[PDB]
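Protein chains: 2
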Amino acid sequence: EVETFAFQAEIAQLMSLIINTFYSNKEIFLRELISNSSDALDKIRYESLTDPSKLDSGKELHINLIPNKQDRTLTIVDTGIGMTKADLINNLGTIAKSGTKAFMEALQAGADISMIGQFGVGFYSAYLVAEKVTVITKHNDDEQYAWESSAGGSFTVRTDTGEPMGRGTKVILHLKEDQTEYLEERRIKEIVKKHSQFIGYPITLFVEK
Amino acid sequence: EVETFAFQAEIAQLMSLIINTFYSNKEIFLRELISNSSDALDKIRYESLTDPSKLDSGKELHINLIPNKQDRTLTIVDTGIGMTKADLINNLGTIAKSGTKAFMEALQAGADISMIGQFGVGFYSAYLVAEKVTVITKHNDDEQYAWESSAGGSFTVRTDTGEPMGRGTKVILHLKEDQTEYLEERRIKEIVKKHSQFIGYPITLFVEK
Ligand SMILES: CN(C(=O)c1cc2c(C(=O)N3CCCC3)[nH]nc2cc1O)c1ccc(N2CCOCC2)cc1
Ligand SMILES: CN(C(=O)c1cc2c(C(=O)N3CCCC3)[nH]nc2cc1O)c1ccc(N2CCOCC2)cc1
């Protein structure tokens, strides 16, 4: 039912560095996640040019930002290409290996944590603000999956029996208690305007009722 | 034999802006092209994880920089995924439309030409230094092609009967007379160190004999 995996050694080391380093410029996590969503959307958009049937699972290409004060969660939803079971368990970790090692070498040489995206491992900056990250994903060629990690060197992958999402990725950030500023509408708008002004897909902020 | 196509209106406008604007920070073209090569290499590397036969056309994943003082050309060769005929004629132009329009709107609003890559149209910065650009490409699923443009609103595409390259893309920059500094070893090294220090593939500079 639920399978548990160890992160690649380099990724586990990067996650501990992120979780334990005193670093006040935490807002970069949102830019990194939106950039990842933009990449997934670019991929499905490109693939649909030669195979329009790839859009049968949904034609709208967008990003939704969903803060939830009551649950203390910030959700980033996109209708990109999504990820396969192989992506979640191995492919993405394999690809991230050289960038993770290079990033850690750069930090040692005095680089700033904000440079994380230049190494293709921006996702892990989510651990600056989140105690747990849950990722629900659906690729055309595979089942709907739930990936999850509270760091500590492991992650889980299971088939997701929850609401179907058609195609794409939903990243659910379970925020740390001192990081609730990222649930504020004005704060999210400020971050998006500063870092993500130039993304080629509509970014919609869902206002809480 | 040789087919001639018009650039999409927005791209033709961007090219004229690039060719006609007084802008001294021309070195960004090399960073933009190396970033494009890195993207192509990421794609083949990722695809090879689920289908290792995609590497039958070549296992080495790298970038070569080849200045040629005698021909006044700077060649950037990569062994990435390469491009199909559809990529050259339509797909890449289609995708670049929103980014090109957005980039031009940003320039109007005072943005710097160096921001070109943030709009996914970095390739066109090649026209800061080149009077003509020739692109030889080979994707696993297609024939070897030669794309070429001296701007002026048109480009050509033909099947290439020249040396086979296995898989990848070769960008040949026919430099403007006042832009020969980009053929100098020290100058290329300076640019690569400043802008491309963090690329996940070997970048080899070929020294002229
Ligand atoms: C296909 N795909 C996605 O569906 C997707 C993944 C996301 C992640 C993420 O990175 N992970 C979530 C689980 C663990 C790793 N964060 N937000 C995401 C939004 C998405 O739509 C995807 C997009 C981008 C990238 N990367 C970009 C940087 O360079 C390396 C590849 C890899 C996959
Ligand atoms: C698959 N592929 C390539 O084989 C390749 C293309 C290159 C270009 C280029 O852009 N063009 C050459 C002909 C006309 C347009 N310049 N140097 C390149 C090196 C390459 O290996 C490729 C790589 C990157 C991208 N883009 C990145 C930015 O975002 C939009 C997509 C699109 C295709």
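These protein sequences, in sequence, are chains A and A'. A prime marks a further copy of an entry chain. According to PDB author numbering, the first sequence is numbered sequentially starting from 16. According to PDB author numbering, the second sequence is numbered sequentially starting from 16. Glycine is no exception: its CB is placed at the ideal position from the N, C-alpha and C atoms.
With a cut-off of 7 Å, the C-beta of A/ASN51 is classified as distant from ligand 2, since no heavy atom of the ligand falls inside that distance. Along the stretch 123 to 142 of chain A, going in chain order, the ones with a CB nearer than 9 Å to a CB of chain A' are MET130, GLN133, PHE134 and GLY135. Judged by the Cβ position, A'/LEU76 fails to qualify as a neighbour of ligand 2 at the 7 Å threshold, every heavy atom of the ligand being at least this far. In the structure shown, A/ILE96 adopts coil according to DSSP, grouped into three states. Relative to ligand 2, the beta carbon of A/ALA145 is positioned no closer than 7 Å to any heavy atom. In this structure, A/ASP93 sits near A/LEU56, with a CB-CB distance shorter than 8 Å. By the C-beta criterion, the stretch 32 to 51 of chain A' is judged not to be in contact with the stretch 147 to 156 of chain A', since fewer than 3 inter-stretch pairs fall below 8 Å. The three-state reading of DSSP puts A/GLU200 in helix, counting H, G and I together. No residue range can be given for A/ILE104, since it is assigned to no alpha helix (DSSP H) and is classified by DSSP as neither H nor E.
Per DSSP, the continuous beta strand (DSSP E) segment holding A'/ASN79 begins and ends at 78 to 83.
Between the stretch 55 to 70 of chain A and the stretch 108 to 119 of chain A', the count of C-beta pairs closer than 8 Å reaches three or more; the two stretches touch. The Cβ atoms of A/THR88 and A/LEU190 lie closer than 8 Å to each other. In the same chain as A'/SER50, and ignoring 5 residues on each side of it, the C-beta atoms closer than 7 Å to its own belong to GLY132 and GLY137, in chain order. The straight-line gap separating the alpha-carbon atoms of A/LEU76 and A/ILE91 is approximately 14 Å. For A/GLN159, the beta-bridge partners assigned by DSSP are A/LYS153. Chain A' places no beta carbon closer than 8 Å to that of A/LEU45, leaving this residue out of the contacts. Taking C-beta atoms as the reference points, A'/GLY114 and A'/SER52 fail to come closer than 8 Å. By the beta-carbon neighbour count (other beta carbons within 10 angstroms, threshold 16), A'/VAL186 is buried. The beta-carbon of A/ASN106 is placed less than 8 Å from the nearest beta-carbon of chain A'. Residue state for A'/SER164 is assigned as strand, using DSSP reduced to three classes. Taking the CA atoms as reference points, A/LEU70 sits about 21 Å from A/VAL150.
Taking 7 Å as the cut-off, one finds no heavy atom of ligand 2 near enough to the beta carbon of A/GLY132. A direct Cα-to-Cα measurement between A/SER31 and A/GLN23 gives close to 13 Å. With 16 or more other Cβ atoms from the protein chains shown falling within 10 Å of its own Cβ, A/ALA117 counts as buried. DSSP places A/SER53 in the uninterrupted alpha helix (DSSP H) bounded by 43 to 63. Classified as buried, A/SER164 has 16 or more neighbouring CB atoms from the shown chains inside 10 Å of its CB. Pairing A/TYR38 with A/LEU143 gives a Cβ-Cβ distance under 8 Å. Sequence-distant Cβ neighbours of A'/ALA166 in its own chain, meaning closer than 7 Å and more than five residues away, are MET30, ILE34 and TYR142.
Interface flag for A/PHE170 against chain A' is unset, since no Cβ pair is found closer than 8 Å.
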